[PDB]
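First comes the structure, then the notes that go with it.
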Amino acid sequence: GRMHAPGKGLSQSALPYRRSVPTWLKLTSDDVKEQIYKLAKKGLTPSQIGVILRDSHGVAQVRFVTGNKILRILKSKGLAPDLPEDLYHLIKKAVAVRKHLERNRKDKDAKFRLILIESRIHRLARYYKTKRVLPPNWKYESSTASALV
Amino acid sequence: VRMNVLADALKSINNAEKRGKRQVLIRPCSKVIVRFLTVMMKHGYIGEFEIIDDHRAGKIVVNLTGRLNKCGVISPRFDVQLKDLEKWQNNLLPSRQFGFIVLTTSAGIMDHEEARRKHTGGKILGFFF
Amino acid sequence: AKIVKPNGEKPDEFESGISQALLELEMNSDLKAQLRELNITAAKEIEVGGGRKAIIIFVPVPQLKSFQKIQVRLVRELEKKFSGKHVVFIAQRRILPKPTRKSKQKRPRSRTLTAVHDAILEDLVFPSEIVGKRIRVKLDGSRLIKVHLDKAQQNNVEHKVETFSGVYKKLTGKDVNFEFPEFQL
Amino acid sequence: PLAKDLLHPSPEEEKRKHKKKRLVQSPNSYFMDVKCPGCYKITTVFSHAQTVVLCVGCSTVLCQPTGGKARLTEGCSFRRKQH
Amino acid sequence: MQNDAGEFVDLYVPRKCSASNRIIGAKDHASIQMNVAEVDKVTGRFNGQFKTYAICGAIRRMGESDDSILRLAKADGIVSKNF
RNA sequence: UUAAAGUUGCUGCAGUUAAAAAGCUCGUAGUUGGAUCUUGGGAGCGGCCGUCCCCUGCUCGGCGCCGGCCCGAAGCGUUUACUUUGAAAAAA
RNA sequence: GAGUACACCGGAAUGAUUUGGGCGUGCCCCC
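Chains as they are written, first to last, in the numbering used here: chain A, -14 to 134; chain B, 487 to 615; chain C, 318 to 502; chain D, 19 to 101; chain E, 79 to 161.
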């Protein structure tokens, strides 16, 4: 089940078996990549880029119109973010919880959630360190929140 | 978390055979499972089995007729030599006339009798009778 | 011409005739608008099950995407050229031996035998796609691959099952059947 | 029970079961081709859009984000496109 | 069982369920040996020959004996294929 | 002091009520980790299968032939456990 | 050619004449 909560769940995507682009999709690869570049320049993340492309443009997912994934394409062009999106979201959530905790010191549940979130951050940062994407001297620190917005 | 697909497949097929079902599907598929089912079919214990392919992991349906008492797994994969085969098979099999023990070998995943015939050893996988 | 071979080998009369016929057809029909540099690799003739013969055409991998819009009418033109001869367009891909610890760059998964076999199977049937694969293992340990093809566009390739099976068996060595379901479309 | 046919289940049985418990994993979602009598250009949308969409041509808001499908704006025709 | 010559030392061969392929013990009173008579195709008449079935006590106890008998009669050629 | 002791349980013991699951969670060591990279044919010893060769390449020579070819080698080969083998392994 | 389901044409068919449209390929309007 969930890594921290004791709840068990089953809800995620289910890709189809047929690995072929549908015939009704007239969009090529070049224009899809152009739209991806435009959305990246607008200031979005690969989490929402696929959502927008599968909602408005009607493409199922990128991995069939092209070969490289969204993050792969962003890395190829070079405007990909320097920090992973999920780690950024976890850091932002931790900062929000700490900002809530600075004033209200009696909210024990907030302290517990902050501890759990910092644990998740450490566990993900260890994998990033061992997969050679962050410097070995990179460390998550409690006070360092303004720089890592 | 599933730590051994083979152990779960053996437990599931054992439960299905004990209840009295005619066929059962195994969610995870691996090459060693296919080899072990092939060993059973060559020894004449189960029937035709159908591997079903998807783009994530296959599924296997086995025609169990009547001939399995139980069929199980030994973990971890203990390494056994030729001189230790007799000690394992005396205290692992119900008798000496029938029953087989399979073990991985660089010459092929085979039963204990064939391993003795080809004069080789390896790592024990399980047993069936 | 159009046929290009790896080494300086003289193609047999059949391959030269096929290349010349394809050149004449593209010059005559309205396909030369997109068939100038689109060349052919090689060709073969076999004997499939029954009193018919099949034609095998090899395809360069990068330029297959340009071919993908052509097989709609090219096979019909070849059938008009030879009635009792079936023509199929299949890609030719390179296979590398498994890196045994006695025998250098990394071997990509695109060149492995499994990927090559899957590509051959999925390119042998161009009009109808693949719904699912169900391999049956005989009592003797032999396999029997069954492939489910798309129910749509079925009234033009339902008679090609025998030549598909023959070509795939001769190129690979596996017994393959073909069936059509209806529970989805 | 004891003697079923898991190789060839009836379509009713397969559609009864969950999407990830079927014999092969297949989503139950699909794409749409929504259009309105106002504008005369046709767009392509996803069933579970979960995002507000504006018709290309600034006509009106077409879909609505909900828990499951999308609340199509009244006065719109859609068809199930498939291959 | 065999020996040097090839004769049989087992003093009796036990029965075996026609459905679950499980043998029937001596002190198993729940086992049933059922006889089903066939009908000639020409007019419909009793001829004299019969077909014999056997179901172990476990199947009846769990409650799947009737389905097994139906399957056996369908396979032998008694119950209509369309059914 | 050993077997009886499946009452020290690695094979191979127990934990609701007889002895026994930390009040709960996170967590560094330690332990355990999903699927997938290799395949078939050719010839043959024979009555499907008992049995056979093939799937690491690149300066010096003798089973030899009539400048053309193999043969052996002073010189290498991703690393480990596993498995079979040989040597080295005092006597009683 | 941007509005509709419409007006000009070209490939193409049998010296000459040519068959209602929309892009959501199968259903939506016109009679």
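From the three backbone atoms N, C-alpha and C, an ideal C-beta is built for every residue, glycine too.
Tell me which residues of the stretch 486 to 500 of chain C have at least one Cβ-Cβ distance to chain D shorter than 8 Å, keeping chain order. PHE500
Below 7 Å between beta carbons is the criterion; list the residues of the stretch 518 to 532 of chain B that meet it against any residue of chain C, in chain order. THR524, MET527 and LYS528
Return the residue from the list B/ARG508, B/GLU572 and B/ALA493 that minimises the CA-CA distance to B/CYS515. B/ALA493
Could one say the Cβ of E/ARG149 lies closer than 9 Å to chain D's Cβ atoms, at least one of them? yes
Delimiting residues of the alpha helix (DSSP H) encompassing C/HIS465: Note, C/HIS465: premise wrong, no alpha helix (DSSP H); beta strand (DSSP E) at 460 to 466.
Which whole-angstrom value describes the C-beta separation of B/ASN555 and B/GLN509, a residue pair presumed to lie in contact below a C-beta threshold of 8 Å? With a Cβ gap of about 18 Å, B/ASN555 and B/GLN509 do not count as contacting.
Measuring only between beta-carbons, confirm whether A/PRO1 sits less than 9 Å from chain D. yes
State the DSSP-derived secondary structure class of C/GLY483, mapped to helix, strand or coil. helix
Determine the direct distance from the alpha carbon of C/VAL464 to that of E/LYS152, and round the result to whole angstroms. 30 Å
Using a beta-carbon distance cut-off of less than 8 Å, what residues from the stretch 540 to 570 of chain B approach chain E? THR551, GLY552 and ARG553
What does residue 460 of chain B pair with, by DSSP beta-bridge criteria? The displayed coordinates of chain B run from 487 to 615. Any statement about residue 460 of chain B would go beyond what the structure contains.
Taking C-beta pairs closer than 9 Å, name the residues in chain B that E/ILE156 reaches, listed in chain order. Correct list: empty, because the minimum Cβ distance to chain B is about 20 Å.
Pull the bridge partners of C/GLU362 from the DSSP assignment, please. C/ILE372
Helix, strand or coil: how does DSSP classify E/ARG93 here? strand
Indicate the three-state DSSP secondary structure (helix, strand or coil) for D/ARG98 in the structure shown. strand
Could you give the distance in angstroms between the alpha-carbon of C/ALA338 and the alpha-carbon of C/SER383? 20 Å
Beta carbon of C/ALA318, beta carbon of C/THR480: below 9 Å? no
What residues in the stretch 490 to 511 of chain B bring their beta carbon closer than 9 Å to a beta carbon of chain D? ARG505, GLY506, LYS507, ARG508, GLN509, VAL510 and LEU511
Determine the burial state of C/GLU332: buried for a count of at least 16 other Cβ atoms within 10 Å of its Cβ, exposed for fewer. buried
Out of curiosity, what's the CA-to-CA distance linking B/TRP574 and B/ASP539? 36 Å
I need the DSSP call for E/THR130, collapsed to helix, strand or coil. strand
Pick out whichever of C/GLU499, C/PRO444, C/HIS476 and C/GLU496 has its Cα sitting closest to the Cα of A/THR8. C/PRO444
Between D/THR61 and C/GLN385, what straight-line distance do the alpha-carbon atoms span, to the nearest angstrom? 26 Å
Ends of the beta strand (DSSP E) at A/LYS62? Looking at the DSSP string, A/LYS62 is not in any beta strand (DSSP E); the run it does join, the alpha helix (DSSP H), is 55 to 62.
Below 8 Å on the Cβ atoms is my contact criterion, and I expect D/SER77 with D/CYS57 to pass it. Report the Cβ-Cβ distance as a whole number of Å. 4 Å
Should the stretch 472 to 488 of chain C be regarded as contacting the stretch 361 to 368 of chain C, the criterion being three or more beta carbon pairs within less than 8 Å? yes
Using a Cβ-Cβ cutoff of less than 6 Å, which residues in the same chain neighbour C/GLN409 once the five nearest sequence positions on both sides are dropped? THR358 and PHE375
Continuous beta strand (DSSP E) assignments of at least 3 residues falling wholly in the stretch 94 to 160 of chain E: 110 to 117 and 124 to 133
DSSP state of D/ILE60 mapped onto helix, strand, coil: coil
Is the stretch 130 to 144 of chain E close to the stretch 110 to 122 of chain E, with three or more CB pairs under 8 Å? yes
Run through chain B and tell me which residues come within less than 9 Å of E/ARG100, C-beta to C-beta. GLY506 and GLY552
By how many angstroms is the C-alpha of B/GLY608 removed from the C-alpha of B/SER592? 8 Å
Who pairs with C/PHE406 in a beta bridge, going by DSSP? C/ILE374
Would you call the stretch 437 to 451 of chain C in contact with the stretch -9 to 1 of chain A, where contact means no fewer than 3 C-beta pairs closer than 8 Å? no
In whole angstroms, give me the CA-to-CA distance for C/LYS491 and C/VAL454. 12 Å
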